[PDB]
Amino acid sequence: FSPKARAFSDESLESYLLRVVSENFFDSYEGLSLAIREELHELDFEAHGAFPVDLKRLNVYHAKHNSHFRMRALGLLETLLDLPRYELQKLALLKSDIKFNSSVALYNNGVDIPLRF
Amino acid sequence: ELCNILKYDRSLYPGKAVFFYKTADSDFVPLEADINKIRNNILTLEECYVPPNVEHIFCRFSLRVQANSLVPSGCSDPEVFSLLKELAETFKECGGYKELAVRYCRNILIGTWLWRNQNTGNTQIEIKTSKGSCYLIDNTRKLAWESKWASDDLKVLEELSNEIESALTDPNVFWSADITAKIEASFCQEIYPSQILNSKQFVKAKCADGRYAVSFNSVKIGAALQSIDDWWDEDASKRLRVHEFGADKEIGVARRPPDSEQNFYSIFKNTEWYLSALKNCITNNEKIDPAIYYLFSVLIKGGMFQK
Amino acid sequence: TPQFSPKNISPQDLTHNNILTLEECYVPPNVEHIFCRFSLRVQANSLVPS
Amino acid sequence: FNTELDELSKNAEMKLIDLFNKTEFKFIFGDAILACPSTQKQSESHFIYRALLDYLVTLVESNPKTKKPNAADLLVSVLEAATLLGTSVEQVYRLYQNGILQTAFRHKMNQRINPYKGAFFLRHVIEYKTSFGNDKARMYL
Amino acid sequence: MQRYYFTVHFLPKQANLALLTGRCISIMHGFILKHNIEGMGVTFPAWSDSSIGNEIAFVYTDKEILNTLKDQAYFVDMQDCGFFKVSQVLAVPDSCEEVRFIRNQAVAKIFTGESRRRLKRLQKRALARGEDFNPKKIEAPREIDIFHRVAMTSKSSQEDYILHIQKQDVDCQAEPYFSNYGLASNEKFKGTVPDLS
């Protein structure tokens, strides 16, 4: 499988991936997910363990304890789906150490947002 | 508050999980390891793989379920005994055992209990219950905890969870199930049963004819079924094996440390508090506190805890 | 501690194991029935003190 | 600085007394992490520090995760880890306390980590740092 | 006729011996192929049943070529770094004490990958001949005597593998005929080396 659709300037990670599975191909995102789960399992077990099946908990800030493994999984996902390097990693909502007065924050390209917003 | 001789008997009794394959003549050929010895202070190296002409391999075990989580097995204090009895009855009538039973049942259906052999091929799981039911999963490789299933697999999950929940709550019902996985083996696929600690040796089950068949320890299958604890934090990366301090074996540090209030004993000190919370949760769309789910998952694990 | 306070030993030592050397008895595979037999003798020893 | 660090990568296999996953980082590269100017100020990174790390990011890029160990399996100590994260040493011990960063061998219960002994792999210590996004990452361009 | 030798001693206590022993044998292998040398032997002076030692020694008849092999890049580099102790080219005491270090390939059959490879080949060959593929298993567990590992990398195929080395004792000196790792492979090559301590 080789998706030809490419990310926009301000397109979300979920948006782009749903637009990858919008190509017919796979019937639903789950079918694609389980097929990549299989290929990660055959490649790297740690990245397989990190990569979730659902679209719910796929953004980097959801993973408190396996962020490094999530990035790995995402990088292997790029490598495996015939995409250029960093292609998924620029759409990711990354982690941020800055506190908004005891409020954990979230990082988009240049900008850090309070998680309440 | 806590007693001298408080102890619980476990609720889930899984057997040894034997590996075998079926030929034209025999329908139980035990999978034997290859022993190599070296040198007399002899070292024994054992390796296990599927024989060349065999195309399917089977992992089978029995699971029997008693209702040994309603009253403690031993106790000094009568008020504690009456408190825990009424707490168990309250938790049962609220319908939390159903939620625990579903999680226990899901691990059986996705082949967690096949540890390093899980999703190496197209695994199907057959489940024959003591009540004359027969469930079939068809492909283990298409399921996952967080994935949404087909109605067939959800009907299997619903029915088997109902049978396990009834077995977990009724003392006058004897319930057992025979669970077989059939895995499509590749050409001489390496198989990972349980090893001895002490060289490299495998946990064997001696057949009636004298031959030794590689297998999993009952404790290991248990550890797989009872891998449900993701209540320790909201965004939990994994599901832990139910432990009193939430000990993670792979990473090697406790997720419910003794300093915290989320370890078993800190939650066990607030039973009379959680009873009133559960009594308020009766008649009420209100969800049960995850601390009580963790509590009852430890009580379904059992223990000879404090002291 | 005896009065419920956590003593500070390594965070990694809590997930640490104990090696147990046990004896285990399981039914051999595809053995349908197990048997338990004992013999009982009854004597009239409660009529008179020995 | 790149050409100085390039010859240490090419001649890494030459110096080996043990395997890559058992050898420390300072055994091959030598002091080049803990000599670097600290980023305790503001969380404003030094131009020397920005140039060092951006070489290590392309090192793990060229060395993918295979069954043979390579230059990206070199062991890094808690002080060298503290500099690469740009945080206090207690904060990096606290990540070890909640098993966020995973040592590379199990200490047996009374082992408190020696702050100079190489504990963590270079590999996932970088991937943890690429999980946190800052403006001048190579991802955007 | 007088067989000269030198010895490379590995000084660090934390040194992976299979790695360093492989590096030394690979460099000798490379040198032999470059210069077209025949009769070069390898001996392990500090060979135990626990392990191969910190010492590896190279045994040959010419003195100049051993001096040329002593003056290779890796040896002087790892001597400068202070990990190696390289001896001068000394004549063998030439009294007796002959042994034979063999690369025993049969040891490789105790691992699953070998059985899988070997059966895949037998299947193809049995299928090619036109008969049914039905191999029969052994009844006795495989008996092997103590062997030590030497880690070796194929630069041609970029493949990591291991030499299973076994030590045998012989009475008196045989002809110097060895493999390209100087390692007397127990039927094809019957080359003996002097026992050093």
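Letters A, B, C, D and E mark the chains as written, and numbering starts fresh at 1 in each.
We adopt the following convention: a contact is a pair of C-beta atoms (placed from the backbone, for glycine too) under 8 Å apart; a residue touches a chain by one contact, two chains touch by 3 or more.
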Contacts shared by subunit A with subunit B include exactly D
Please state whether D-E or B-D has more C-beta contact pairs across its interface. D-E
Taking each chain's centre as the mean of its CA atoms, the one lying farthest from the centre of subunit B is chain E
Distance from subunit E to subunit B - Cα centre to Cα centre, in angstrom: 50
How big is the gap, in whole Å, between where the Cα atoms of subunit A centre and where those of subunit D centre? 24
Using the average of all C-alpha atoms in each chain as its centre, how far is it in Å between subunit A and subunit C? 50
Can you list every residue of subunit E that touches 2 or more other chains, as numbers and ranges? none
Residues of subunit D touching 2+ other chains? 97-99, 106
So which stretches of subunit B touch two or more other chains? 248, 251-253
Among all the chains shown, which pairs meet the touch rule set out at the top? A-B, A-D, B-C, B-D, B-E, C-D, D-E
Residue set of subunit D touching subunit B in the complex reads 97-99, 102, 106
Given the complex, residues on subunit B that touch subunit C span 15-16, 18, 20, 28, 30, 197, 205-208, 213, 245, 247-249, 251-254, 257-259, 265, 269
Contacting residues of subunit D [partner subunit A, same complex]: 43, 61, 65, 87, 98-100, 124-125, 127-128, 130-135, 138-140
The subunit E residues in contact with subunit B across the complex are 110-112, 115-116, 119-120, 123, 133-135, 137, 141-147
Contact residues on subunit E for subunit D in the complex? 10, 12, 14-16, 19-20, 74, 77, 81, 83, 160
